[PDB]
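Data first, discussion second: the structure below is written as structure tokens.
Chains: A, B, C, D, E and F, in written order; residue numbering restarts at 1 for each.
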Amino acid sequence: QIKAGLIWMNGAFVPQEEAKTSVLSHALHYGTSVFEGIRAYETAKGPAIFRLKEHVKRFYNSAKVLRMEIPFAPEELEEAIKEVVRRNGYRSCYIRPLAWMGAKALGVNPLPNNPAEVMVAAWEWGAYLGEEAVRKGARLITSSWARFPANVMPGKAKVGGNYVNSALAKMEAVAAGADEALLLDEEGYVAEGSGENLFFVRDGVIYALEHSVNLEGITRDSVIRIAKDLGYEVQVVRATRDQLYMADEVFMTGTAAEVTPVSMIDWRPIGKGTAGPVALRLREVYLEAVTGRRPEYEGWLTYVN
Amino acid sequence: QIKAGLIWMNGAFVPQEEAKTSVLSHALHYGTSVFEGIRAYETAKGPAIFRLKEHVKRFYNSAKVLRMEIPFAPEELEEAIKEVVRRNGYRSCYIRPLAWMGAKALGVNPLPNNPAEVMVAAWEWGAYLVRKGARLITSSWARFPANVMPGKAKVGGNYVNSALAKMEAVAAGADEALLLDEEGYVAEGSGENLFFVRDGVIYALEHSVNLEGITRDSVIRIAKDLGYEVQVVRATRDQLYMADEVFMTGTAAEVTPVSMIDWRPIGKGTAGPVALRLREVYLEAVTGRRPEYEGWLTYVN
Amino acid sequence: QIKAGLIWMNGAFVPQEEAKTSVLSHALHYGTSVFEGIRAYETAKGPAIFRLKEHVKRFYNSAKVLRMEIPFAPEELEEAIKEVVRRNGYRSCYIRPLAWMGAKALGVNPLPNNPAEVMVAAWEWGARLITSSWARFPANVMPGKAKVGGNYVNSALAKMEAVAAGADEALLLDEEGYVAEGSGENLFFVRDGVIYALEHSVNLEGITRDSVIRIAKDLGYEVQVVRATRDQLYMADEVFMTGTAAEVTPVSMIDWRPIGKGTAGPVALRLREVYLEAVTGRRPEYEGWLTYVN
Amino acid sequence: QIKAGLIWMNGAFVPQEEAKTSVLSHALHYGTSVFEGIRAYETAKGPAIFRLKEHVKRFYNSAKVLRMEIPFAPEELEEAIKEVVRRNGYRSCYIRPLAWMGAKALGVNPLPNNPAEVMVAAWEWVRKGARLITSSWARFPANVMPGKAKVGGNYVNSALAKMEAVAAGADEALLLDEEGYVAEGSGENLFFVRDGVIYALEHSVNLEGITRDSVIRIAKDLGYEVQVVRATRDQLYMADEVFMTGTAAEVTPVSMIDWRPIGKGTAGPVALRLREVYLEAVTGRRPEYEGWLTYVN
Amino acid sequence: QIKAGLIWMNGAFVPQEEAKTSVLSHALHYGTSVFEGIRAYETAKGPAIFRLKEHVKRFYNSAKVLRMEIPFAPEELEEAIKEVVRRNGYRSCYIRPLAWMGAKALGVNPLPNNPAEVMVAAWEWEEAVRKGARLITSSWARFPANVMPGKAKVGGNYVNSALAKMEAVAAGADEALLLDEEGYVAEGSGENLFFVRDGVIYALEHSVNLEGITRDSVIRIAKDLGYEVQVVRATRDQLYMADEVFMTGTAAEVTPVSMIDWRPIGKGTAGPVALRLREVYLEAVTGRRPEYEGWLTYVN
Amino acid sequence: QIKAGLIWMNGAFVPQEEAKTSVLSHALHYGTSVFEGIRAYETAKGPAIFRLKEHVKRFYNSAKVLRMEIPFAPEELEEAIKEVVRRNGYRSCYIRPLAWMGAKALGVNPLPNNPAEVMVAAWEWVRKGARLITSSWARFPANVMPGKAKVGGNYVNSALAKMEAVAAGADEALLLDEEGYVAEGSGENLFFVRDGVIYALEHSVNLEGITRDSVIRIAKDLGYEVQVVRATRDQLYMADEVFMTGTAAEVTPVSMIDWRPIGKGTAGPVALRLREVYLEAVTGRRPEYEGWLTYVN
């Protein structure tokens, strides 16, 4: 079970046991929900939520794609997100805002079901004080499931239904013995991980992948800024699986994945076969940023206390 | 609201108000659910469920695609479906079985969440039992490629594509959307399979990336039994534009004649004789008026 | 120049010199026209138009794709087509009906230009192919089941390429890489005695193709309809094309690779000959396909 | 009817009623024509044609795609374009040069019909923003129709999309390419703005717009960062602004796409600034952009 | 090592040790070779080669795709194939004819290298079959029909098969299932696919696949047994929900598939239809089906 | 026949006649080999191999794609490459390293055949412009064949396209990708020039050419603006210039594509200048590029 505790349900917090919805809810049958993934890190000044406004903006943007009406002002949701951290006494945690179409009707068209129901839940996130797993690097395997074309599913939004594609790819990767799946688009180019954006390094240059059919990662954005600030040249390109195979380094970014070095893809070692110095350095600075240790990046933090 | 009444929840019936699940359920966040759409029609011998076993088979088949484990034997689900009709005193009704990944965890991988939670609900539908024909508009959303979303399964997440297409069609002033596949060929409606008639021949569309409709299957058998020649082909939007007739099939749509597509009239511009004839025989079959099709019916009483 | 003679222009015949339209015509700028290709053959009973009905039906069907309004009843167009033959004293000829959007306005939307203008003109009447670098348009890009003027830019580009390469005709593939059709004809191939007609895919539903399939079945051949690749053609015993102008044309070579014996084969030659017998009124079984002008 | 007046026909002006061509013309049957869209604006120094050079160059470039021979030197066509304005006493007008394959033969191969016939005609010529709807017709792949040229046949695709959009209640159609990415409008190039950055769509299968080119230069001169990218429909849905560019459309803000409001739901500040500088430029009020104008007087 | 023994090299048999070619051979650098896979089975009347004629015809057909010239008449190659079995005293064996572009030049264009060099080599060939093979869908798509000639057994084509096979084995499967670029099922790395649903046998369309001779044989057998056979395009999930799935190929014969992507097919073991087809096929190749004797070429 | 002379075979040089491999070698049946193309040019200080390290790095990179094991360290292969030039007394020559899967087994899976066998052989080694024709064979998608590697099997696609081009009367083939965009020549990368700007094509499904890389650096050093873009066939048709790059092709101007003249119809100034400066670089006349040269003496 998930230890969420107090959950914000359409305007008010209620015990986890009361945070339930009808099994006739539109989103439970047709994937018509939108959600976010936000992290709060402990800092010398207490818990700090990372790039809250950017995540809330994307939350409302995802809703717009489904023509879903969120009956709350962004300001209200932001306060609820801060409150879910405070009320539960969390420090390092994962926050999951969710807006879903309710049970007014079950016609596939979700418009009659507006406005959407909304909830905000959060749970503890274990801090990583080790290093072996990160330095060993993650092992990826290219999926047999292609990332949806931009006119099939809205890849720039975090729409519930979209994740069936991610789920299928993730299960496949894990079954094959890998840590994560690397999905290609229908044309055969690299797209993204089941829940992470991809980067690679070659001859001193950092290559971020184009947005193509992927989600515009906030971690990706953060990493690009950090890289440029450190003096690295950053280029945005479309990439093939074999460009990754021969890269000096490959790494993934995501709210949950932070900055994760990738040491092997399809059983082919990447560079030295372990995490490289560039990815490790970016992860290092990124973590200093999210924990309030970099004054230049304080603007990205929202302290709950 | 939906007047479902008593809902079967993981082995037992409970009042609708109690049929709820955690908002932390995997399926509410990632579209990891599977469902079915089954009709029961009132007959002279009481309510009869149409092709129950075929629908239950597809339900379990959909679960397999997601590697979802349904903790009930097909026979148990069939009994539950018969009971949801009986216990609520329904005659004609729509039955909605649903299996979804619960709130054990929220990692995108659904395996840790097995087994799936299951429920069966039903509500009165088709209380009253077209000539103008439905108006369709081709969608700007393409039906998903076979390696993107499992189109042969009724997986919850798949319907985001159907939802986007349906909203677009309705907004454009049409009754339903006609989706093309990524290559540009006709696929299916947001929730119906397509057929067209030309020079006396009935053309059913290949399965391609569509759901293998049970109504489509029924219509093909009925057509052949009536003496019509039936061919299965891949089709383009303009093959439909010049067809003598076009019609859709689905559990909810039954057999629906299509009189216009993209503001271009199909044939006479109204429902044609072939679609109307197939519809009539189909309706006679589901209401227990055709001895030759009794095998497709499951009488609840 | 083209020796057309008397041309039917929106209801009446006029000298060729008078059969003109404004250079501001929508169709001259945006390819918004539809047309047909119909043949008349000389028979023992005079000129006979081949499958006039199917061609006229397709003409109106093409117009519908463009939401183009033809201000004449099919029966009227059919009479005009018979008249262009006899008024010009033609026996064996090619007939070209054309409907185009006029010069009422030049916004890309052709609806304000309806109804379309119409005219009917006519004039007295193995192959080596090369696969084109131009793909036949996807079914959601251009209406391949219609003979819309703009569609033929794709055909023109392919034909020029083929001729420039030293071939007689171009073989176009669809965007996915499968064989589609020639720049103006449908394709068939023969393997181990079985005749394979290509599925309609993004191609025009040929009337000659339809005729050839019926004749082939009547002659006792097994006919299957399939999707084909260029190498299935390379390895075929025979390959042939069909079209109103091309009739049944054997294909002896594709991409400099000989097909079978490298010369016209028996099946294609036989189908071509029986087809000619049908269009010239020598086969009673196909009399229904002919419309005698006299 | 179109009030064109005097039309330049293969070397000489003639009354509109005399500007006709055989119905057996190759282009009327197979879409084998090329054309341009050019505008003249009123200025304090008389009518000024906008970027005449670039339009004429593209006209000949389009002809090359069809291996069409234009029997006139670009300099001659330029003079004809200026004369069609003068002779008709136009000030603010739209100019439409057209080269088409004639009636020498009707085989699909246009080569035997060369050289092409040519004519030049012309006729006298926001806050709410335009509403677009994504089309069910995909923009042609680069190996299906020559999208970098204004070939007549190409516009059947544009016509189908425009009719669909209008029928759906929109002002213009937004076409995606076959892969599902945004391509262009039926006759306009697309841009979107997000967090202060202007995103111009890559050329992909689209026409290389001269208005698009002008807007990018203007944007950079105003200090805006401009990135050229591939875009999806939902990147547009989430943009702060979206706008279209074209000779006829000038710079047109887009307030809604697929019934989803863009940003505030009305024309945005960036699109409006670009539109204003563009209009100041074409009317001879920006010294730095005078090079783009050709004064007829 | 491969125990081939005497190998036919451009018209004459030589010891395996002498069967070598220049490392500057065009085919070793650009994949410009064509080959076949043929089997001989022991029968009561001695070794019998299965559908030799069809295999040789495809060999020459593959060469035509590359505009490769084979400097021997089909009849000569057929005799060489019978002899490779005889001379080596083989009974049950796998035969591998190969035509490749030599070392006359290394420009990518192979025409200057004609005619091709040719050689023919061969080598000796219940619970597992009943258990069924396990497949995993590959992340490598079978090449489009305008990218590589899928109807021919061109050497270079197999880089795609090799990549897919390695991936499947690495994933713990027996074989790879490749989809085409559009997402539909194509074929295995070296075999054609079929599935069975509600008593009907579904053979996959040729699409971008090789026109298998085993596939052809199985369809004829199936029809002779009275099964309805439909040729269709198929998706991975149509296979997931099929009652049975099986592969065909010269080496694979008729191999039931009990699992795909860790999802059991039907009962999770070999099904009855695939097993019947396999039984009749094996009876046929071993000379125990008079009606199919036309498919056999007895070496003695 | 090829006059290679002494060939390095798995650690030792042997006469050409002895450089043979079993006809049962996996690579001869399934295209499982990887190779490189390297050139040495005569300079004032003897033979100089151009960008040896980048070529060797790519050689090992190609091997990794096939999970092929090369039983020699890069330094050993580099020494062998220098020796193949020295031992044969070559000045200007083409060097061809090749690694292939041997005859241990013939199952399609090549892993059981590791490690690969390796050999290095070498042999002695515009104004009008090359004529290209667009191929009917598309360059393989990135998930069909590894286009960033020089894998033997990949070249069946190149071979088919080259034969087609030559048969059509052209010098080289221009392949498009499956989506219809320009990809690369059968063995060369493409560039085009328009309005003073040099456009290099994105990597897409193409090989990351070392000559392409060299030309881009040289162009920028000379003061040219260089942009990297996705291109269509008609963007090339309308370009002022088009040129190809490759180890064998060096910098080759393209004067015509699909019978449509590019610009003036003959080699243009930009391509000619880049070709000349490239030749100066590879022959040791530009100190700024000395780092790219490896002198064998």
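Some notes on this structure:
Note that in this section a contact is a pair of C-beta atoms (placed from the backbone, for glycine too) under 8 Å apart; a residue touches a chain by one contact, two chains touch by 3 or more.
Each chain and its UniProt protein: A, B, C, D, E, F = Branched-chain-amino-acid aminotransferase.
Taken together, subunit C and subunit E share the touching chains B, F.
Among the remaining chains, those touching subunit B as well as subunit F are A, C, D, E. Of all chains, the one whose CA centroid is most distant from that of subunit E is D.
In terms of the distance between Cα centroids, subunit B is separated most widely from F.
Per-chain Cα centroids separate subunit B from subunit D by 45 Å. Chain geometry summary: the mean Cα position of subunit A and that of subunit F are 41 Å apart. Rounded to a whole number, the gap between the C-alpha centres of subunit D and subunit E is 55 angstrom. Within subunit E, the positions touching two or more other chains are listed as 67, 137, 139, 141, 144, 146-147, 149, 179, 181-183, 236, 262.
If touching chains are joined by edges, the resulting network of the protein chains shown has some other shape, matching none of path, cycle, star or complete graph. By the definition of touch given earlier, these chain pairs are in contact: A-B, A-D, A-E, A-F, B-C, B-D, B-E, C-D, C-E, C-F, D-F, E-F.
For subunit B in complex with subunit A, the residues that touch the partner chain are 1-2, 4, 7, 9, 16, 19-25, 27-33, 35, 66-67, 96, 98, 100, 103-111, 119, 121, 140-145, 147-150, 155-164, 166-167, 170, 182, 190-191. By the touch rule above, subunit B contacts subunit E in their complex via residues 58, 61, 64-65, 67, 145-148, 150-153, 182-183, 206-209, 212.
Contact residues of subunit F toward subunit C in the complex are 133-136, 138, 164, 167-169, 176, 178-180, 233, 258-259. Touching subunit A in their complex are the following residues of subunit D: 134, 176, 179-181, 229-230, 232-235, 237-238, 259-261.
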